[PDB]
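# Give me coordinates for this.
(one chain, ligands or ions: 1)
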Amino acid sequence: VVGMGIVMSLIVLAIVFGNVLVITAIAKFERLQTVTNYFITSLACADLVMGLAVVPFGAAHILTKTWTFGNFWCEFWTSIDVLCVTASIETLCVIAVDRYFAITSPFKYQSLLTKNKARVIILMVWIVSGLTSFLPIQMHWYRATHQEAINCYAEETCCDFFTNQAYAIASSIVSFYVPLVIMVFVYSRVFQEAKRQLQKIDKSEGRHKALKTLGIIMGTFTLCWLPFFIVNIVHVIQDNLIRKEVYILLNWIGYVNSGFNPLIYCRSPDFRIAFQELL
Ligand SMILES: CN[C@@H]1CCc2c(ccc(O)c2O)[C@H]1O
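Numbers count the residues shown, from 1 in each chain. Take a look at the structure below.
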């Protein structure tokens, strides 16, 4: 009777609105065009596809309980989902490394990062993301062998995710773990440098904020994406261990992280000034 799809609809609305506003603010105002702002543009683009194309279809599968469209559309949708997730995570890793190189070596920062090199870095990230998602799925390498997967593949009405051990492990390793280690090392080094500067100032002037910022940045990403990949690894090893509904719920918890990115990275006085004029 009552339609409890409002919670799913608001997620799409917020994800579209925030990313569209960020993209328009960067594009229209020339005062915000900076090398560090191209990575934010790429991340916003990845988040925007997902609200428009993955969440709306996914909800219909959950609400209608059937996949009206064809099997080819299942393969295409799964490929887009994997592509966008891995691209967003790798963009976050690139942003962290850029901040590390900015803070650790200030004299050589300008030569290390130029407007030309950022283009190549972004293109390499997107190519690596595309190789992981489209090529294996579209060539039918990831498919399993057990009977339930075969029956699901044969029917053109159902649409469920079944994968084998090698693809699951390699996909998790490429998408999540190496970027996690890189960001951990980056932010530990940045925190050490900040603490040294604070103690120097205190020892100079004889007459918290960094911890809060790092906590926000690391904690939102870890809480959003860490729980899903653990069960992604586990469910292959032990088939009866984890039920499906938990898998879908954790995967949808992971999707919400796309709508939060403007809250963490975008805000700043210049971005606030830009946002004031548009609305
Ligand atoms: C449709 N759900 C998929 C299933 C597997 C998977 C996801 C995201 C990133 C990956 O590296 C994956 O291997 C999930 O979005």
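
# Which SSE is immediately downstream of the helix or strand residue 117 falls within?
Assigned by DSSP states H and E, residue 117 belongs to helix 115-138. Using DSSP H and E, the helix or strand that follows helix 115-138 in sequence is helix 147-154.

# for the strand or helix carrying residue 103, the distance to its chain's centre please.
If you go by DSSP H and E, residue 103 is part of helix 71-104. Chain-centre distance of helix 71-104: 5 Å, with Cα atoms, centre = their mean, to the nearest Å.

# for it, packing partners?
helix 36-53, helix 109-112, helix 115-138, helix 178-204 (3 or more Cβ pairs under 8 Å, 6 or more residues apart in numbering; DSSP states H and E). Where C-beta positions appear, they are placed from N, C-alpha and C, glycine not excepted.

# Just say which of those is most tucked in.
helix 36-53 (a mean of 20; mean count of other Cβ atoms under 10 Å).

# so what does that one touch, helix or strand wise?
Secondary elements touching helix 36-53 (3+ Cβ pairs under 8 Å, 6+ apart): helix 6-28, helix 71-104, helix 115-138, helix 257-261.

# From the rest of the structure, what touches the helix holding residue 117?
Here helix 115-138 makes contact (Cβ atoms under 8 Å, 6 or more residues apart in numbering) with 35, 38-39, 42, 75, 78-83, 86-87, 90-91, 94, 142, 167, 171, 174-175.

# follow-up on the earlier one: tell me the most buried of the helices and strands packed on helix 36-53?
helix 257-261 (a mean of 21).

# Would the helix holding residue 117 count as contacting the ligand?
No: in terms of Cβ under 6 Å from any ligand atom, no part of helix 115-138 sits within range of the ligand; the closest distance is 7.0 Å.

# Dump the C-alpha coordinates for that helix into PDB.
Written as PDB, here are the backbone C-alpha positions of helix 115-138 (Å, rounded to 0.1, in the frame of the first residue of the first chain):
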ATOM      1  CA  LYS A 115      48.400  21.000 -15.400                       C
ATOM      2  CA  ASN A 116      49.700  18.600 -18.100                       C
ATOM      3  CA  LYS A 117      50.600  15.700 -15.900                       C
ATOM      4  CA  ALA A 118      47.300  15.700 -14.000                       C
ATOM      5  CA  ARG A 119      45.600  15.000 -17.300                       C
ATOM      6  CA  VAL A 120      47.700  11.900 -17.900                       C
ATOM      7  CA  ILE A 121      47.200  10.700 -14.300                       C
ATOM      8  CA  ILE A 122      43.400  11.000 -14.500                       C
ATOM      9  CA  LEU A 123      43.300   9.300 -17.900                       C
ATOM     10  CA  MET A 124      45.500   6.400 -16.500                       C
ATOM     11  CA  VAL A 125      43.200   6.100 -13.500                       C
ATOM     12  CA  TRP A 126      40.100   5.800 -15.700                       C
ATOM     13  CA  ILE A 127      41.700   3.400 -18.100                       C
ATOM     14  CA  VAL A 128      42.800   1.100 -15.200                       C
ATOM     15  CA  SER A 129      39.200   1.300 -13.900                       C
ATOM     16  CA  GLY A 130      37.800   0.400 -17.300                       C
ATOM     17  CA  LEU A 131      40.100  -2.600 -17.700                       C
ATOM     18  CA  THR A 132      39.000  -4.100 -14.300                       C
ATOM     19  CA  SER A 133      35.300  -3.800 -14.900                       C
ATOM     20  CA  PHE A 134      34.300  -4.000 -18.600                       C
ATOM     21  CA  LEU A 135      36.800  -6.400 -20.000                       C
ATOM     22  CA  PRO A 136      36.300  -9.400 -17.500                       C
ATOM     23  CA  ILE A 137      32.500  -9.100 -17.300                       C
ATOM     24  CA  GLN A 138      31.900  -8.500 -21.000                       C
END
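
# Could you tell me the angle between it and helix 36-53?
Per axes from the mean of the first three to the mean of the last three Cα atoms, to 10 degrees, the angle that helix 115-138 makes with helix 36-53 is 30 degrees.

# got the angle between helix 115-138 and helix 71-104?
150 degrees.

# so what's the residue most central in space within the chain closest to, chain neighbours aside?
Nearest to the mean C-alpha position of the chain, counting by Cα atoms, centre = their mean, stands residue 88 at 3.4 Å. Nearest non-adjacent residue to residue 88, counting by Cβ to Cβ, 6 or more residues apart in numbering: residue 46, 4.3 Å away.

# you'd agree that neighbour is up against residue 86?
No: assessed by Cβ atoms under 8 Å, residue 46 is found out of contact with residue 86, at 9.2 Å.
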